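From first to last, the protein sequence lines stand for chains P and M. Read left to right, the first sequence gives residues 8 to 66, 66A to 66C, 67 to 95, 95A to 95C, 96 to 108 (the authors' numbering). Read left to right, the second sequence gives residues 1 to 82, 82A to 82C, 83 to 100, 100A to 100P, 101 to 114 (the authors' numbering). Cβ atoms here follow ideal geometry from the backbone N, Cα and C, with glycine treated the same way.
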Amino acid sequence: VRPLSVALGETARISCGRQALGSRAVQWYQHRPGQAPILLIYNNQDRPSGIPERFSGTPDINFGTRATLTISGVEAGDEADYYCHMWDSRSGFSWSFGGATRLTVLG
Amino acid sequence: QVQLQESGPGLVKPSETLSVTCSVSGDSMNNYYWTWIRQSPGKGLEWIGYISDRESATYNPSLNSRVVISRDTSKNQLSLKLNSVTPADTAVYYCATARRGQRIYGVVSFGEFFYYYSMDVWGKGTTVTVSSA
Ligand SMILES: *[C]1O[C]([C][O])[C](O[C]2O[C]([C][O])[C](O[C]3O[C]([C]O[C]4O[C]([C][O])[C]([O])[C](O5[C]6O[C]([C][O])[C]([O])[C]([O])[C@]65[O])[C]4[O])[C]([O])[C](O[C]4O[C]([C][O])[C]([O])[C](O[C]5O[C]([C][O])[C]([O])[C]([O])[C]5[O])[C]4[O])[C]3[O])[C]([O])[C]2[N]C([C])=O)[C]([O])[C]1[N]C([C])=O
Ligand SMILES: *[C@@H]1O[C@H](CO)[C@@H](O[C@H]2O[C@H](CO)[C@@H](O)[C@H](O)[C@H]2NC(C)=O)[C@H](O)[C@H]1NC(C)=O
């Protein structure tokens, strides 16, 4: 669990450690301690359910780019764990959810 | 809209069967997949298995296949039973639904595509403990 600190009003950027080999289709899960996880992005290009237009992912165009999730205008309520479920073409079925990161807030 | 509820005993003696039930209200079992996921304190999330209308109980290869999941449409619920429980398996369980999609990257007649699953609706889950006392 890698920690990462963000101050108020800034723009946060979270990247998962696993790197894809081919066509990727990632899912970004937000899990608050004690509550059920909330799905943010499912097809790496669009948000699954209506949420504030603050979380954005990178599309899968011109293979060679990493997978990053950006959050503009972060508030105090954005304190939860982030899971980067990776799905590629040269690895088969993916069972592990990957190593989660710990977002900390300054102020 | 879909509503999901969960139920479990909570206190089970080790080396016995641990059964947890998950019921659905509002919608039927027409086109809704099901899946279970456990989370133990100190470790991350762990996907254990999923089931659908195909009766294809596919389990995690890192689990020794010691759990069975069933779903009866008469009572309109599913339930998972893990046999030979270990006292070190104290974890919170969640019953969720899954949505399947396909990603295509080449010619379809040759089979150049792959399926993926995404959980959209979740639940509160039950926290069960196992101990000798
Ligand atoms: C020969 O011939 C053959 C046959 O004809 C051919 O093949 C072809 O090939 C191609 C190449 O690649 C292919 O492609 C692919 O495709 C696909 C499809 O898809 C889908 O799905 C979706 C969802 O639902 C939809 O929406 C779509 O749609 C579209 O578009 C189109 C146009 O294009 C139209 O028509 C239709 O109608 C619609 O609208 C579809 O259906 C696709 O997807 C793909 O893409 C890919 O890749 C790329 C890179 O390159 C990328 O960028 C993309 O993207 C992205 O985005 C997307 C969107 O959706 C998403 O999803 C993702 O995630 C990302 O983000 C993608 O990925 C491709 O394009 C095809 O398929 C085929 N066909 C068949 C039938 O098979 C060949 O080529 C030929 N050869 C020569 C000429 O040489
Ligand atoms: C095939 O693979 C090569 C290897 O990466 C791709 O090419 C290269 O082009 C990139 C874009 O400018 C550079 O950033 C890389 O440095 C360069 N590779 C090397 C070894 O210098 C190439 O685009 C791929 N082909 C297609 C059609 O995408």
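Contact set for P:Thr18: own chain, Cβ-Cβ below 8 Å, skip 5 residues either direction: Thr74, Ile75, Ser76, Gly77 and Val78
Do we get a CB-CB distance below 7 Å when we pair M:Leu11 with the residues of chain P? no
Measure the C-alpha to C-alpha separation of M:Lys13 and M:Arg38 and round it to an integer number of angstroms. 19 Å
Taking only beta-carbon atoms, is P:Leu46 less than 7 Å away from chain M? yes
To test your reading of the DSSP string, which unbroken alpha helix (DSSP H) runs of 4 or more residues are found completely within the region 3–51 of chain M? none
Round the Cβ separation of M:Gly8 and M:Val20 to the nearest angstrom and send it over; I've been treating them as touching at under 8 Å. 4 Å
May I ask you to check if the CB of P:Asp92 is nearer than 6 Å to at least one heavy atom of ligand 1? no
Nearest to P:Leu104 by CA position, among P:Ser95, P:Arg70, P:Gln37 and P:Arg54, is which residue? P:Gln37
Give me the subset of the region 51–66 of chain P whose CB atoms are less than 9 Å from a CB atom of chain M, sorted by chain position. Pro55 and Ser56
Min CB distance P:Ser22 to chain M below 7 Å: no
Measuring CA to CA, which of P:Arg94, P:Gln52 and P:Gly100 is closest to P:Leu28? P:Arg94
Could you compute how far the alpha carbon of P:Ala71 sits from the alpha carbon of M:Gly100C? 22 Å
For M:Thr108 and P:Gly68, I'd like the C-alpha separation in whole angstroms. 42 Å
List the residues of chain P whose Cβ lies closer than 9 Å to the Cβ of M:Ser100F, in chain order. Per Cβ cutoff of 9 Å: no residues; M:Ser100F is ~17 Å from chain P at best.
At 7 Å on the CB atoms, spell out the chain M contacts of P:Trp91, in chain order. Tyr100M
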